[PDB]
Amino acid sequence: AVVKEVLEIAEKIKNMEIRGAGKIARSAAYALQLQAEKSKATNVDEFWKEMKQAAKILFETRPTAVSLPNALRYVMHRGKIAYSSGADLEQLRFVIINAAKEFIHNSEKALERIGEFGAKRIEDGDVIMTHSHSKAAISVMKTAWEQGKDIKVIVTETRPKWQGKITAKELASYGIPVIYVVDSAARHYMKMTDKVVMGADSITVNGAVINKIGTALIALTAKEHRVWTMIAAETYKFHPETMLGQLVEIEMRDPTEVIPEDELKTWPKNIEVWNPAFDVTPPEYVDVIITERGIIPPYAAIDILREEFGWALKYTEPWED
């Protein structure tokens, strides 16, 4: 029943042709949007049927980043309230297309505000170390530079997908001086790092931060040197389920993403490659979290969950049936 452009967004999400917790969330919301502008269902209850089907597909692309499930919870939720009210086919159609834009928009805005708030923590002459490719982190960095602050960013490689290359090339485009190094070099240059700025895919109620593999290692050595570790993440990066005791699943991706298939098939079969895409960073190695609602201590993650998600506790996923 699901349109084709929806199956495409979903595929590009599990192949990481489209990646990054914030972008995936928007693309998810943009999937639903397209499903509503291109739906053929002639009846409303059937339209609502397709949406729930398109939502389940999106949800199942990649597990770890809650941004995806949250974006789904935003659009699908309003769509549900509208449905259980008496939304006529063309009415729900708009409510969804609307709620879809609304989200894709507050995301764009949330990044600017995270940029403004975190950029005040960056001091002139500061050297920043980061990991992976985070729009949020980059926002904090890019904004600081534009305020006239003189910085230099140490970009870690970020294997196995070489995400450091995106950060390096992007950051260099804004004019900012970059220093690219291998992951293992993180503790070697930590002594000359002033601040550490990274993003997040999911943040647990107790302050734990799940981010691209290797983040935990960087935060560990960062604490050891007394360097700040600021995580730049929107409020939709926080995991509501987490507060119910729910454990956030660390996605395991395909091995040929680490060692190319044509080279891997050459290897002795008693050698096995494990490719975890994220890891967990303890709240004590995190000094602050920069959200579009202010700087907050890790442990204050429970406050964000209560005020923005007093919804998820009561029901199932607005796309279940």
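So that there is no doubt, residue numbering starts at 1 and follows the sequence shown.
- Higher average CA B factor: 40-48, of the stretches 256-264 and 40-48.
- Per-stretch averaging of Cα B factors for 183-191 and 234-242 places 234-242 on top.
- Within the selection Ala222, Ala200, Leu89, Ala71, the deposited Cα B-factor values reach their highest point at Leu89.
- Across the residues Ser85, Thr215, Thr158, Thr229, the deposited record lists the maximum Cα B factor for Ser85.
- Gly125: CA B factor in the middle third of modelled residues in this chain (values from the PDB entry).
- Sort the modelled residues of the chain by CA B factor and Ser67 lands in the lowest third.
- Among the modelled residues of its chain, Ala31 has a C-alpha B-factor that falls in the highest third according to the deposited record.
- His105 sits in the highest third of its chain by CA B factor, as recorded in the PDB entry.
- For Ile24, the recorded CA temperature factor ranks within the middle third of the chain's modelled residues.
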